[PDB]
Amino acid sequence: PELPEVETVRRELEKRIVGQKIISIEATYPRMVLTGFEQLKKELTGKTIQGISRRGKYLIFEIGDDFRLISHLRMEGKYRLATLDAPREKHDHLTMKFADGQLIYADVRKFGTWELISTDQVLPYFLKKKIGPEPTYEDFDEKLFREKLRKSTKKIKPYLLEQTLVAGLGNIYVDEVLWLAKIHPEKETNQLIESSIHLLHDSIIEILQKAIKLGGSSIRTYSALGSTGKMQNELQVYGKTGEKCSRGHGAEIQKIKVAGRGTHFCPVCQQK
DNA sequence: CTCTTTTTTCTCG
DNA sequence: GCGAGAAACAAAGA
Ligand SMILES: [Zn+2]
């Protein structure tokens, strides 16, 4: 997932598991708990979930006053809420059991991670990762953004993916954003002029907030939280190779590889 | 059979 | 520091 999908999951969990006491925690893949599964089981068992937050693509479970469980779903992680007698599925790895249901984490590729940290360590955790601002008009300052782009000869798509200019873009929404802002993904950032950077800044905010409003992009429906999204029906370029650009000049969307990633763009709208 | 494809961190030169 | 490439891992498709 990217930020809109994680925010969608966050909202669903907030409605369903806040106020619930954790009765037990069980793992079939304890190695994804990077701070140690037995420690996490010992500390969180019997605690009540107080809230669910998010920073960038990270989910933050607030559990008791003093603990934060930071979860990253990486490429394929999925949460679902099930009854206590639901059968195990092949790629289920962790479960938090409540009195009347359980929260199950599944991840086919085993990339997702859980980290238990203290409340007063959450802000340092994200500072150490150098995560950039949230994609909102209030937090995402164009002036700093502009200065960072000016100092770099990185290509704009990979620099946006780093999460340091702004948090939350992944491959789908960086392709959508650069098409909307009419910028080629291999454009060196120090060549962008002020008006392009302004359009890019606003396009990042608008695309991600639209995606959040529509419940994220679900390339299929699942048993899992966040699988009811509708943003996938609004994508203009991601996965649209060979289809016509929707601005209607008859150009086909093309797919290239940029810094190892599949990259979809309109060669008329997005000139190098 | 092999190769390629689908977030963050790691290696190497 | 940089960029390129690969790796953690699993499954599907060519
Ligand atoms: Zn176009």
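Reminder, nothing fancy here: chain letters follow the sequence lines and each chain counts from 1.
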Original post:
In whole Å, what separates the P atom of B:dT11 from that of C:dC9?
Top reply: 15 Å
**OP:** Would you kindly give the CD-to-P distance between A:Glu76 and C:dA10, to the nearest whole Å?
**Re:** 11 Å
Original post:
A:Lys255 side chain N/O closer than 4.0 Å to the phosphate oxygens (OP1, OP2) of B:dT4?
Top reply: no
**OP:** For the residue pair A:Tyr105 and A:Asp107, confirm or rule out a side-chain donor-acceptor distance under 3.5 Å.
**Re:** yes
**OP:** In whole angstrom, give the distance that lies between atom CG of A:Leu235 and atom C1' of B:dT6.
**Re:** 15 Å
Original post:
Do the side chain of A:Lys57 and the main chain of A:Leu169 share a donor and acceptor less than 3.5 angstrom apart?
Top reply: yes
Subject >> Check: A:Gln232/A:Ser218 side-chain N/O donor and acceptor closer than 3.5 Å >> reply: no
Subject >> Atom pair distance, as rounded to whole Å: OH in A:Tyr29 and P in C:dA8 >> reply: 11 Å
Subject >> Rounded distance (Å) that lies between atom P of C:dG3 and atom CD of A:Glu188 >> reply: 9 Å
Original post:
Of the nucleotides B:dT9, B:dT8, B:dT6, which has the atom closest to the A:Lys129 side chain?
Top reply: B:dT9
**OP:** Working to the nearest 0.5 Å, report the span between CD1 of A:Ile256 and NE2 of A:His184.
**Re:** 4.5 Å
Subject >> A:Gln163 side chain near B:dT7 phosphate (N/O to OP1/OP2, under 4.0 Å) >> reply: no
Subject >> Atom-pair distance (CE on A:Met32; P on B:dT8), nearest Å >> reply: 14 Å
**OP:** Enter the distance from A:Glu2:CD to A:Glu176:CD here, rounded to the nearest 0.5 Å.
**Re:** 9.5 Å
**OP:** Go through the side-chain N and O atoms of A:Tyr137 and A:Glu142 and say whether any donor and acceptor fall under 3.5 Å apart.
**Re:** no
**OP:** Identify which nucleotide among B:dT7, B:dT8, C:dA10 has an atom closest to any side-chain atom of A:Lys110, counting heavy atoms from C-beta outward.
**Re:** C:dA10
Subject >> Furanose pucker, B:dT6, classified by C1'-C2'-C3'-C4' >> reply: north
Subject >> N or O in side chain of A:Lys154 less than 4.0 angstrom from C:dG3 OP1/OP2 >> reply: no
Subject >> Nearest-Å distance once atom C1' is located in both C:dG3 and B:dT6 >> reply: 22 Å
Subject >> Given B:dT6, B:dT9, B:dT7, the nucleotide with the shortest approach to the side chain of A:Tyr58 >> reply: B:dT9
**OP:** Can you tell me the distance, in whole Å, between the CZ atom of A:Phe111 and the P atom of B:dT6?
**Re:** 13 Å
Original post:
Do A:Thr95 and A:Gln102 get their side chains close enough for a donor-acceptor pair, meaning under 3.5 Å?
Top reply: yes
Collect all protein-nucleotide pairs involving nucleotides 4-6 of chain C in which both atoms are nitrogen or oxygen and the distance is under 3.5 Å.
none

Original post:
Ignoring hydrogens and geometry, is there a side-chain-to-backbone donor-acceptor pair from A:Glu38 to A:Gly36 under 3.5 Å?
Top reply: no
Subject >> Rounded distance (Å) that lies between atom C1' of B:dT7 and atom CG of A:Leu160 >> reply: 15 Å
Original post:
Side chains of A:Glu134 and A:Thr136: is there a donor and an acceptor less than 3.5 Å apart?
Top reply: no
**OP:** Round to the nearest Å and state the distance from A:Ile131 atom CD1 to B:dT9 atom P.
**Re:** 7 Å
**OP:** Determine the interatomic distance between P on B:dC3 and the same-named atom on C:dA6; round to the nearest Å.
**Re:** 12 Å
Original post:
Can you find a side chain N or O atom of A:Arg261 that sits less than 4.0 Å from OP1 or OP2 on B:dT7?
Top reply: yes
Original post:
What pucker does B:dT7 have, north or south, from the sign of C1'-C2'-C3'-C4'?
Top reply: south
**OP:** Could you verify whether a donor N or O on one side chain and an acceptor N or O on the other, from A:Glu115 and A:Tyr58, lie under 3.5 Å apart?
**Re:** no
What are the atom names and distances for every N/O pair under 3.5 Å that joins the protein to nucleotides 11-14 of chain C?
from, atom 1, to, atom 2, distance (Å)
C:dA11, OP1, A:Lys90, NZ, 3.2
C:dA11, OP1, A:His91, NE2, 3.0

